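Below: the structure, in structure tokens.
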Amino acid sequence: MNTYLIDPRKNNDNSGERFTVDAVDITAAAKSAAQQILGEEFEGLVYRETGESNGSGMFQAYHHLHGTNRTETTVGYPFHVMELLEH
């Protein structure tokens, strides 16, 4: 298990409020972060907008728009996910 530092960025009006999640890897961390930012009703996934694969970067959540038959839509604004070593 690893720890990741989450900055919700525009999701909290760039207030500077940040928090951590625990996850096995960065993509799992980004999904957990999206669930925390967007609330219990969010079910979806995330894709990467910045950074190297398996490394820190900006992520964007998306989901299937309920009531429709096809196609994804983004949810929320991008947020940052960073590996964090705890002591």
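Each chain in the structure tokens gets a letter, A, B and so on, in the order shown; residues start at 1 in every chain, and ligands are counted from 1 in the order they appear.
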Exercise: residue A:55 partners within 9 Å, only C-alpha atoms, chain neighbours under 6 positions left out, as a ChimeraX atom specification: /A:26,81-83
Near stretch 61-64 of chain A, within 8 Å and counting only C-alpha atoms, which residues show up once chain neighbours fewer than 4 positions away are dropped, as a list in words? residues 31, 34, 43, 44, 45, 46, 47, 68, 70, 71, 72, 73, 74, 75, 76, 77 and 78 of chain A
May I have the selected residues written with N, CA and C atoms, as a short mmCIF file (atom, residue, chain, number, x, y, z; two decimals), in the first residue's frame?
```cif
data_model
loop_
_atom_site.label_atom_id
_atom_site.label_comp_id
_atom_site.auth_asym_id
_atom_site.auth_seq_id
_atom_site.Cartn_x
_atom_site.Cartn_y
_atom_site.Cartn_z
N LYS A 31 -8.70 7.12 -8.79
CA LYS A 31 -10.12 6.75 -8.69
C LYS A 31 -10.65 7.01 -7.28
N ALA A 34 -11.16 10.70 -6.84
CA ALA A 34 -12.38 11.16 -7.50
C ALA A 34 -13.61 10.84 -6.67
N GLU A 43 -20.00 7.09 -9.68
CA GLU A 43 -19.40 5.84 -10.11
C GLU A 43 -18.83 6.09 -11.49
N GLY A 44 -17.53 5.87 -11.62
CA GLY A 44 -16.90 6.10 -12.89
C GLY A 44 -15.43 5.77 -12.79
N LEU A 45 -14.67 6.33 -13.72
CA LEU A 45 -13.26 6.03 -13.78
C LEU A 45 -12.51 7.33 -14.00
N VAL A 46 -11.20 7.24 -14.23
CA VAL A 46 -10.37 8.42 -14.41
C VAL A 46 -9.41 8.18 -15.57
N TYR A 47 -9.00 9.28 -16.19
CA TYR A 47 -7.91 9.26 -17.15
C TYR A 47 -6.89 10.34 -16.82
N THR A 68 -28.94 7.52 -20.52
CA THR A 68 -28.54 7.42 -21.92
C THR A 68 -28.05 6.01 -22.22
N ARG A 70 -25.40 5.40 -24.54
CA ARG A 70 -24.01 5.34 -24.98
C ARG A 70 -23.19 6.49 -24.40
N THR A 71 -21.86 6.37 -24.56
CA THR A 71 -20.90 7.47 -24.46
C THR A 71 -20.61 7.95 -23.03
N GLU A 72 -19.34 8.25 -22.76
CA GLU A 72 -18.92 8.81 -21.49
C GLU A 72 -19.05 10.33 -21.47
N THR A 73 -19.09 10.88 -20.25
CA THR A 73 -18.95 12.32 -20.05
C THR A 73 -18.05 12.54 -18.84
N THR A 74 -17.29 13.64 -18.88
CA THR A 74 -16.47 13.99 -17.74
C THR A 74 -17.35 14.45 -16.58
N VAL A 75 -16.81 14.33 -15.37
CA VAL A 75 -17.47 14.79 -14.15
C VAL A 75 -16.44 15.58 -13.35
N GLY A 76 -16.81 16.77 -12.90
CA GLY A 76 -15.87 17.58 -12.15
C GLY A 76 -14.74 18.15 -12.99
N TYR A 77 -13.80 18.76 -12.29
CA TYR A 77 -12.60 19.34 -12.88
C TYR A 77 -11.41 18.42 -12.65
N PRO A 78 -10.32 18.62 -13.38
CA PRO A 78 -9.12 17.81 -13.11
C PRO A 78 -8.61 18.03 -11.69
#
```
Going by DSSP on the backbone, which bits of chain A are strand (DSSP E or B)? Write them as a compact mmCIF listing (two decimals) with C-alpha atoms, in the first residue's frame, please.
```
# COMPACT_ATOMS: atom_id res chain seq x y z
CA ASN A 2 1.12 3.53 -0.88
CA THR A 3 -0.03 7.02 0.13
CA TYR A 4 -1.00 9.75 -2.36
CA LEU A 5 -1.50 13.48 -1.88
CA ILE A 6 -4.59 14.86 -3.63
CA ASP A 7 -5.15 18.47 -4.63
CA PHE A 19 -5.85 15.39 1.62
CA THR A 20 -4.35 11.92 1.21
CA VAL A 21 -5.68 8.56 0.03
CA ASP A 22 -4.12 5.11 0.34
CA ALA A 23 -3.97 2.86 -2.71
CA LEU A 45 -13.26 6.03 -13.78
CA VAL A 46 -10.37 8.42 -14.41
CA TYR A 47 -7.91 9.26 -17.15
CA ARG A 48 -4.56 11.02 -17.06
CA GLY A 57 -0.02 14.01 -12.53
CA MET A 58 -3.41 15.52 -13.22
CA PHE A 59 -6.41 13.22 -13.63
CA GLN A 60 -9.99 13.77 -14.84
CA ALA A 61 -12.99 11.71 -13.77
CA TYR A 62 -15.69 10.48 -16.14
CA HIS A 63 -18.73 8.21 -16.15
CA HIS A 64 -21.59 6.90 -18.23
CA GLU A 72 -18.92 8.81 -21.49
CA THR A 73 -18.95 12.32 -20.05
CA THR A 74 -16.47 13.99 -17.74
CA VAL A 75 -17.47 14.79 -14.15
CA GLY A 76 -15.87 17.58 -12.15
CA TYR A 77 -12.60 19.34 -12.88
CA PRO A 78 -9.12 17.81 -13.11
CA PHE A 79 -7.32 17.13 -9.85
CA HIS A 80 -3.70 16.42 -8.97
CA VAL A 81 -2.38 13.12 -7.57
CA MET A 82 1.15 12.86 -6.17
CA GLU A 83 3.07 10.00 -4.56
CA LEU A 84 3.78 10.85 -0.90
```
Taking the DSSP secondary structure from the backbone, can you list the residues of chain A that are alpha helix (DSSP H), as number ranges by chain? A: 26-38
Export, as a PDB file, in the first residue's frame, the selected residues with N, CA and C atoms.
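again14.pdb, written as the output of this step:
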```pdb
ATOM      1  N   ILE A  26      -1.042   4.442  -8.626  1.00  0.00           N
ATOM      2  CA  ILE A  26      -1.496   5.814  -8.859  1.00  0.00           C
ATOM      3  C   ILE A  26      -2.877   5.845  -9.504  1.00  0.00           C
ATOM      4  N   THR A  27      -3.186   4.894 -10.394  1.00  0.00           N
ATOM      5  CA  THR A  27      -4.504   4.953 -11.026  1.00  0.00           C
ATOM      6  C   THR A  27      -5.612   4.594 -10.037  1.00  0.00           C
ATOM      7  N   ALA A  28      -5.355   3.614  -9.159  1.00  0.00           N
ATOM      8  CA  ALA A  28      -6.293   3.327  -8.078  1.00  0.00           C
ATOM      9  C   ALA A  28      -6.432   4.526  -7.147  1.00  0.00           C
ATOM     10  N   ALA A  29      -5.318   5.214  -6.869  1.00  0.00           N
ATOM     11  CA  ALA A  29      -5.385   6.413  -6.040  1.00  0.00           C
ATOM     12  C   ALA A  29      -6.232   7.492  -6.692  1.00  0.00           C
ATOM     13  N   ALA A  30      -6.077   7.695  -7.999  1.00  0.00           N
ATOM     14  CA  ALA A  30      -6.861   8.728  -8.675  1.00  0.00           C
ATOM     15  C   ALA A  30      -8.349   8.402  -8.643  1.00  0.00           C
ATOM     16  N   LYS A  31      -8.704   7.120  -8.788  1.00  0.00           N
ATOM     17  CA  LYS A  31     -10.118   6.755  -8.687  1.00  0.00           C
ATOM     18  C   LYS A  31     -10.654   7.014  -7.283  1.00  0.00           C
ATOM     19  N   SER A  32      -9.885   6.634  -6.259  1.00  0.00           N
ATOM     20  CA  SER A  32     -10.314   6.892  -4.887  1.00  0.00           C
ATOM     21  C   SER A  32     -10.454   8.387  -4.626  1.00  0.00           C
ATOM     22  N   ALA A  33      -9.503   9.180  -5.131  1.00  0.00           N
ATOM     23  CA  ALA A  33      -9.569  10.627  -4.988  1.00  0.00           C
ATOM     24  C   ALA A  33     -10.821  11.187  -5.641  1.00  0.00           C
ATOM     25  N   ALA A  34     -11.161  10.701  -6.839  1.00  0.00           N
ATOM     26  CA  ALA A  34     -12.377  11.162  -7.500  1.00  0.00           C
ATOM     27  C   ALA A  34     -13.610  10.840  -6.669  1.00  0.00           C
ATOM     28  N   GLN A  35     -13.655   9.643  -6.088  1.00  0.00           N
ATOM     29  CA  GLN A  35     -14.795   9.302  -5.242  1.00  0.00           C
ATOM     30  C   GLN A  35     -14.898  10.246  -4.051  1.00  0.00           C
ATOM     31  N   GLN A  36     -13.758  10.618  -3.467  1.00  0.00           N
ATOM     32  CA  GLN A  36     -13.780  11.538  -2.333  1.00  0.00           C
ATOM     33  C   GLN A  36     -14.188  12.947  -2.753  1.00  0.00           C
ATOM     34  N   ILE A  37     -13.716  13.402  -3.912  1.00  0.00           N
ATOM     35  CA  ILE A  37     -13.989  14.763  -4.357  1.00  0.00           C
ATOM     36  C   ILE A  37     -15.440  14.902  -4.782  1.00  0.00           C
ATOM     37  N   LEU A  38     -15.966  13.897  -5.474  1.00  0.00           N
ATOM     38  CA  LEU A  38     -17.254  13.978  -6.138  1.00  0.00           C
ATOM     39  C   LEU A  38     -18.397  13.375  -5.335  1.00  0.00           C
TER      40      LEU A  38
END
```
